[PDB]
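Report on one structure; see the data block that follows.
A short reminder: the numbers here are calculations on the coordinates, not readings from a lab. Reconstructed Cβ throughout: ideal geometry from the backbone, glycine too, with neighbour counts over all protein chains shown.
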Amino acid sequence: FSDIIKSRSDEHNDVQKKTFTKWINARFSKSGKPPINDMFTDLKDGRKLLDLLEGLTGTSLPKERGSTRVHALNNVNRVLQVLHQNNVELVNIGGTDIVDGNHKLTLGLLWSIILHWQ
Amino acid sequence: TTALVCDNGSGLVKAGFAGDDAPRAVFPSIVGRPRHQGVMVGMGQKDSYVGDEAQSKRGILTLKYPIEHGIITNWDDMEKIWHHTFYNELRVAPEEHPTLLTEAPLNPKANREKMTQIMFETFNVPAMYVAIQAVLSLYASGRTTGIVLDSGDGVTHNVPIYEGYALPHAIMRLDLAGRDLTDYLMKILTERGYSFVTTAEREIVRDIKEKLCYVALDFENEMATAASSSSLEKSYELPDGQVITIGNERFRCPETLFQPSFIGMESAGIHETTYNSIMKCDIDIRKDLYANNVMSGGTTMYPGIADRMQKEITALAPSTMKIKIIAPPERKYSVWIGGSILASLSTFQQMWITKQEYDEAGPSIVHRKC
Amino acid sequence: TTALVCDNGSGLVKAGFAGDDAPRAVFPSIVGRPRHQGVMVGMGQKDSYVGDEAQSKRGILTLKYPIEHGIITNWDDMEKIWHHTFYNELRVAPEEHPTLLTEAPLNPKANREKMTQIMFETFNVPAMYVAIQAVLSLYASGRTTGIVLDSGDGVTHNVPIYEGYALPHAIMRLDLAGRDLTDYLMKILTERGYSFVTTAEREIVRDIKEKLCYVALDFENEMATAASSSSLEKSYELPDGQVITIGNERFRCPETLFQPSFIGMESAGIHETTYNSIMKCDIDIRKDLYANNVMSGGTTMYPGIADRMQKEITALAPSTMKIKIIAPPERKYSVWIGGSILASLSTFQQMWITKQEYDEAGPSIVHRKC
Amino acid sequence: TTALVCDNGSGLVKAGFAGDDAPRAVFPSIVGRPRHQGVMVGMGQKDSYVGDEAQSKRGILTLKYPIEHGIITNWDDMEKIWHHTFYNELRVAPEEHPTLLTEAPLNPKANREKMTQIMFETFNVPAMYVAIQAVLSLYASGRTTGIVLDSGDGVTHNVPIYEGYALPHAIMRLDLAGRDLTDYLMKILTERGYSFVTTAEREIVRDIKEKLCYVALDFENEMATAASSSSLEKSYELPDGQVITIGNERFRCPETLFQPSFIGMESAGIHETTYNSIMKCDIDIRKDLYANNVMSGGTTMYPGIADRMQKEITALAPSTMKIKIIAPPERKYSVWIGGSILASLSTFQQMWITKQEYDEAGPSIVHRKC
Ligand SMILES: Nc1ncnc2c1ncn2[C@@H]1O[C@H](COP(=O)(O)OP(=O)(O)O)[C@@H](O)[C@H]1O
Ligand SMILES: Nc1ncnc2c1ncn2[C@@H]1O[C@H](COP(=O)(O)OP(=O)(O)O)[C@@H](O)[C@H]1O
Ligand SMILES: Nc1ncnc2c1ncn2[C@@H]1O[C@H](COP(=O)(O)OP(=O)(O)O)[C@@H](O)[C@H]1O
Ligand SMILES: [Mg+2]
Ligand SMILES: [Mg+2]
Ligand SMILES: [Mg+2]
């Protein structure tokens, strides 16, 4: 046991990622939104979470007319405020975790939303 | 319907899936709060980091352990660590799997009671079972006749077992583990000049310990050797960029385990609580409990102890009994390995504390089911 | 309802509109009044010229700055400068737009208190907000982890920032900047013959400094190089028509920044304040503060400053640590750009100091809202 | 043959003669050197000024302390301080008297090693002995059961002692002494307007602190009182003739000793390192360690400290335990008084480190004899 757990965790992450991205793609394709291919890079700027979340809820969500990093973090703050307003209780989920693309966390809040609605 | 096995230790939490052979995800169990003033309006800053996240975003944080000396001294955030493990690290629904928890012997009853209450009334597990940490070790080692000695960051047991018959009058507990070794190392680092004070620096001291400290075979000899400078020194390199060179405080940190007076304690070292735990057993048992000393737990991974312990015991036990120290290479995850085994035994499904039993009995059912 | 972002530094007043990417109006913050005798019965000679107007007609004026070293000395005319900005340059009744002012760290409380009292009780702005400069510089640079070296004409202050969490126990504020460099330059010219004494002559010396002075790389070597007369000399043409030729003192004026002993100060040059402000922060933060040293402000627009700074910092940082100096091309306006970004965010709107709140609490509300 | 007891602190140097009741000559331990240009041919301008002489001629000097946080940084000028205090202050021949030196707990070994090396190989004293400070404090207080709290200009440490038996596993060193208080004060004056940058001005701020700052009893209540301007203000007359009026920051400066979050430190104030040190001892000792809390060292000479300390402790200790702080009126020289007592004991005079022992063993002998 020369610390083989690395590969086990990575394969677990892969099998979670495939199902998660299939679910989010099937949800994007209902409202006429373009599908995505990368779970961990096409969620940096925090925009695709916003329209996805409004399609999950059914309301409007504005976006900041910017492109720098602080704009991404403001979008993700919006996402987390919206999520909290629906009593979705996340713990180690912050604005910087998404924008840094943290695998262990970037598919933690997706599972939270999934478990909340689905 | 698989079950969960989370060896919620006192240092790093190690959780995973029953039946498997390795924890899916391990991580230090520290919850951190940011302490400096936050001035950036558009940030999505959380208010409580936990796990490797808190370990990384460390300079802004007051790291704190919820579990101390095996017992849980903060239920507010131990709940946070469990939430983290269930939803972010494994991403599973608690309402679907039964959970297996571990614990140390001679722990307050309120600990396991509240543990069960929280695992039912908050995560709604269908079934939960809390086992003693030094028996899953025997399961994992495959034996049935040994004297486990697990330790690290909070405790040090000795649960002598003859044949599925633990001898509960001969279990010695001793609170002399990784955290106390860490603090002692941090305190002797001062005399060279280096001064680590905050928690963000206690982490660096722990990491110095893990990869520099070894256990002397003969302490009074190694000390006199390290006096005339030799190959003893090493060089760790902080995240600051500066390097340090500890040469002597490498076997003087883990020598605490064998001389607990180094930190101001009466209790005898781990090389002697083992012998006392044996001598409390029966004569017809010692003659082979000597021959199965299953070491477990984290802090038993120094490049030393697997031999200095044997050397120190064969100077106590009679000159005839044959002594042997079973130190498997993964003597760290052995508790969780045993957990993944025990949760997957056919003859075990009549042990869990089903939710019906909790509702018809209250939380005080753990004492009678375990 | 777009807001206003008027960063009124010690020297130039850069104002504009929240949201855009450039300040509309830029002009020095001087208030000139005539001194010579006026003999013309019909002229509409105004009372006090202010702005680049008062710069062009500086032959018969006594130019004078209201802001000295960040703090505000004369309020009767700073009111005039704000009035000018609002009514002649931008031409916008402030009663509609909010306003975002900028200050410096470690400034007398009464400064920002009177500033907001004036803004509400003389312009009736609907809401105002005063934000520290070296945070807006990070905003503009799009970072969240830097150590902002801001310096122009009034101050030179670092503010280390890790992730939106500034460390107010480590901001160093050296009070040496463009105006002191200009005074030293005009004091060091006179060893060749050229004498600049009046305030107009001081503006001329500044117009020299801005376009003939660079920063040496190895100052001691550049001395002996320019000793044997070489390509160093330049020729600048005063508004009179005559020419001058400064050869040596074009790199000794900004070497003051790195050795403030040239002007009798005791402090350490802008490199050691940066290194000390880094060493005050935590070990985990030093690694990635060493890599993002966002320069800002005017005075850091000297030609060879991004390299002298880097060499000087690498000379005292650890050997294995990576140093990078983030010197954007238009760093002069970086503070205002960050201000425009900050006021144009959506989350920010709950941070303004509504006029109602000022009527409730009074001027002390700034210390608790900012 | 009498002996020398020089409590070479980290601020003032209190030296004298073994046996007496008061030090001969005390003086700040600052070595100053001129920085301005000297133009007068016929002067006896000394190279470097040291002591109260330098403290008199500041406006020419760069005052630097050799000792920072207990440890000695510059070994060149500390030699000058000892030379001064042996010849110009006491006017004694060092080759005749044995010398007693003091130190703080948890200091680099190299500190006392080189201290001995300099004391023998340079001054050729007949014998030398370095004793921990907070033990001499008990000596002078005439007790044998206390928990000293030594603190001034440097380190702050407790040394619990039960019956001549120190408990080395329960001392709690902390680097939050008067120098950090002074720097925080001269950082917090800037709110009112007065800036003090140079070292010659840092002395002025220390002097303001020493005779204007008290310790609140209830900090929040005192703060809420100072908001409605009242009898808190006090005026101080600089050596320039101007006056300043610090109202609020008369307790906000020494409140650091209890909330070291005001400087970015993580540790808990002196009211709680004391309680932690007591709880680290044994149960049978806590009952009469709570009774004798000897305070020593300068920084414990604020007005309201023997009361806020007592309240803050009795708010922690069990409800049925009698707390008493022993704060003598000479709690500033108590360390040296204990030194004079000790060096004049008929029993002790065979514990020195005679020159023979140093020459036969080497500088590593202080760890053996102390
Ligand atoms: N290789 C090693 N050498 C020395 N000490 C170690 C090593 N690995 C881990 N430790 C110590 O063991 C502790 C973790 O042990 P572990 O048994 O995982 O704790 P827990 O019982 O809480 O799970 C750490 O705090 C560390 O101090
Ligand atoms: N092109 C330049 N080269 C060198 N120095 C300059 C240049 N432009 C401006 N400066 C210096 O910068 C100062 C103005 O800086 P600025 O950023 O306007 O300060 P503030 O923050 O007060 O607005 C002037 O005093 C001048 O000395
Ligand atoms: N009356 C006073 N009130 C508060 N602080 C004082 C007073 N007198 C001295 N101090 C502080 O005590 C320090 C010197 O105390 P001392 O115990 O002599 O230090 P050391 O142990 O280094 O000699 C000074 O730095 C000063 O800050
Ligand atoms: Mg373990
Ligand atoms: Mg600027
Ligand atoms: Mg003292």
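Return the equivalent ellipsoid semi-axes of region A:66-112 as a descending list in whole Å, where each equals the square root of 5 times an eigenvalue of the C-alpha gyration tensor.
18, 14, 7
Starting from the Cα of residue B:114, draw a straight line to each of the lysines and keep only those under 19 Å, dropping any in the same chain fewer than 8 residues away.
Qualifying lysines at Cα under 19 Å: B:80, B:355, B:369.
Dipole of the protein assembly as shown (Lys/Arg Cβ +1, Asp/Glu Cβ -1, origin at the Cα centre): which of C:365, C:196, C:283 lies farthest to the positive side?
Toward the positive end, the furthest listed residue is C:365.
Given the rotation relating B and C, tell me which residue in B puts its Cβ closest to the axis and the distance in Å.
Closest to the axis: B:197, 3.
Across peptide C:260-272, what mean number of C-beta atoms from other chains lies inside 10 Å of a residue's C-beta?
1
Provide an ascending nm list, one decimal, of label-point separations from residue D:142 to the equivalent residue in each further copy; define each label point as 7 Å from Cα along Cα→Cβ.
Copy-to-copy label distances for residue D:142: 7.5, 7.5 nm.
Let me know the charge dipole size of chain A about its Cα centre in debye, to the nearest 20, where only the beta-carbon of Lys, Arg (+1) and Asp, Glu (-1) is charged.
340 debye
Shielding by partners for B:82-91, please: the mean number of other protein chain Cβ atoms within 10 Å of each residue's Cβ.
That average works out to 6.
Which residue, B:230, B:344, B:137, tops the fluctuation ranking in a GNM of chain B built on C-alpha contacts under 10 Å?
In the Gaussian network model the winner is B:230.
Would you give the gap between the C-alpha center of region D:238-290 and the C-alpha center of region C:81-136, rounded to a whole Å?
39 Å
What does the charge count near residue D:370 come to, summing +1 for each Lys or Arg and -1 for each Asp or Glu among other residues with Cβ under 10 Å from its Cβ?
That works out to +2.
For region D:271-285, take each phi angle, set θ = phi - 60°, evaluate the Karplus expression 6.51 cos²θ - 1.76 cosθ + 1.60, and give the result in whole Hz per residue in order, putting x for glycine and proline.
Using θ = phi - 60°, the values come out as 6, 10, 5, 4, 5, 5, 5, 5, 5, 6, 6, 8, 4, 5, 8 Hz.
So if I take the centroid of the Cα atoms in region A:1-22 and the same for region B:313-344, what is the distance between those two points in Å?
Using only Cα atoms to place each centre, the spacing works out to 31 Å.
Quick one: the Cα spread of region D:59-131 along its three principal axes, in angstroms, biggest first?
That works out to 38, 32, 17 Å along the principal axes.
About the Cα centre, and with charges only on the beta carbon of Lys, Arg (+1) and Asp, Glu (-1), how big is the dipole of region D:64-209? Nearest 20 debye, please.
Roughly 320 debye for region D:64-209.
Report ³J(HN,Hα) in whole Hz for each residue of region D:147-164, in order, from the Karplus equation J = 6.51 cos²θ - 1.76 cosθ + 1.60 where θ = phi - 60°; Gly and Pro get x.
Running phi through 6.51 cos²θ - 1.76 cosθ + 1.60 with θ = phi - 60° gives 9, 5, 10, 8, 6, x, 6, x, 9, 9, 9, 10, 10, x, 9, 9, 9, x Hz.
Once you've got the Cα coordinates, tell me which of D:211/D:234; C:14/C:332; D:14/D:332; A:18/B:46; C:211/C:324 are over 19 Å apart.
A:18/B:46; C:211/C:324
Given B:300, B:319, B:86, which one lies farthest toward the positive end of the charge dipole of chain B, if we put +1 on the Cβ of every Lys and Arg and -1 on the Cβ of every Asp and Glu?
Positive-most Cα among the choices belongs to B:319.
Search the structure for amide H atoms under 5 Å from the amide H of residue C:130, placed 1.01 Å from N in the peptide plane, and list their residues when 5 or more places away or on another chain.
C:101
Taking only the alpha-carbon positions of region D:1-150 and ignoring solvent, what does the Debye formula give for the base-10 log of I(q)/I(0) at q = 0.15 Å⁻¹?
For region D:1-150, the Cα-only Debye profile gives -0.83.
Suppose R0 equals 45 Å. What FRET efficiency, 1/(1 + (r/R0)^6) with r the Cβ-Cβ distance, do residue A:59 and residue D:220 give to the nearest 0.05?
The calculated FRET efficiency here is 0.55.
Bin all alpha-carbon pair distances of chain D at 10 Å intervals from 0 and give each bin's fraction as a whole percent.
5, 22, 31, 25, 13, 4, 0, 0
Taking every eigenvalue of the Cα gyration tensor of the protein assembly as shown, multiplying by 5 and rooting it, what semi-axes result, largest first, whole Å?
Over the Cα atoms of the protein assembly as shown, the ellipsoid semi-axes are 58, 46, 27 Å.
7 Å from Cα along Cα→Cβ at both residue D:354 and residue C:39: what's the point-to-point distance in nm?
Computed distance between label sites residue D:354 and residue C:39 equals 10.2 nm.
Share of antiparallel DSSP beta bridges in the protein assembly as shown, in percent to the nearest 5?
70 percent
Assume the label is 7 Å from Cα along Cα to beta carbon: what separations in nm does residue C:83 have to the matching positions in the other copies?
5.7, 6.7
Could you work out the Kirkwood radius for region B:1-40, taking every pair of different alpha carbons, averaging 1/r and inverting it, reported in Å?
With all distinct Cα pairs of region B:1-40 included, I get 12.4 Å.
Zone of residue B:110 (label point 7 Å along Cα→Cβ, backbone N under 12 Å): which residues in region B:61-85?
Only B:72-75 fall inside the zone, counting backbone N under 12 Å.
When DSSP assigns beta bridges and you keep just the ones with both residues in chain D, what percent turn out antiparallel, to the nearest 5?
70 percent
Kindly list the residues of region C:166-210 that lie in the label zone of residue C:52, defined by a backbone N under 18 Å from the point 7 Å along the Cα-to-C-beta vector.
Once the point is set 7 Å along Cα→Cβ of residue C:52, C:203-204, C:206-208, C:210 turn out to lie under 18 Å by backbone N, inside region C:166-210.
Averaged over all directions, how much area does the convex hull of the C-alpha atoms of region D:115-216 cover when projected, in nm²?
Its Cα hull, projected and averaged over all orientations, spans 10.3 nm².
What's the local net charge at residue D:292, with K and R +1, D and E -1, over the other residues with C-beta under 13 Å away?
My count for the surroundings of residue D:292 gives +3.
Apply 1/(1 + (r/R0)^6) to the Cβ-Cβ distance of residue C:20 and residue C:191, taking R0 = 45 Å, and write down the FRET efficiency to the nearest 0.05.
Rounded to the nearest 0.05, the efficiency is 0.45.
Charges only on Cβ, +1 for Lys and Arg, -1 for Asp and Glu: so what's the dipole of chain B about the Cα centre, in debye to the nearest 20?
Charge dipole, chain B, about its Cα centre: 140 debye, nearest 20.
Among C:187-196, B:62-71, D:172-181, how do they line up from the highest to the lowest mean number of other beta-carbon atoms within 10 Å?
D:172-181, B:62-71, C:187-196
Can you pull a Stokes-Einstein diffusion coefficient for region D:224-370 at 20 °C (1.002 mPa s), Rh from Kirkwood over Cα pairs, as a whole number of µm²/s?
109 µm²/s
Compute the label-point distances linking residue C:261 to its equivalents in the other copies; points lie 7 Å from Cα along Cα→Cβ; give nm, one decimal, shortest first.
So the label point of residue C:261 gives 4.2, 5.6 nm to the other copies.
Would you mind telling me which residue in A:66, A:55, A:108 has the biggest mean-square fluctuation in a Gaussian network model of chain A, where springs connect alpha carbons within a distance under 10 angstrom?
Its mean-square fluctuation being the largest, the pick is A:66.
In whole angstrom, note down how far apart the Cα centers of region B:155-188 and region A:49-80 are.
Computed from Cα coordinates, the inter-centre distance equals 52 Å.
Under Stokes-Einstein, with the Kirkwood radius over Cα pairs standing in for Rh, what whole-number D in µm²/s applies to chain A at 25 °C and 0.890 mPa s?
163 µm²/s
Relative contact order of region B:165-301, please, whole-number percent, based on alpha carbon pairs below 8 angstrom and at least 6 residues apart.
Across region B:165-301, relative contact order equals 27 percent.
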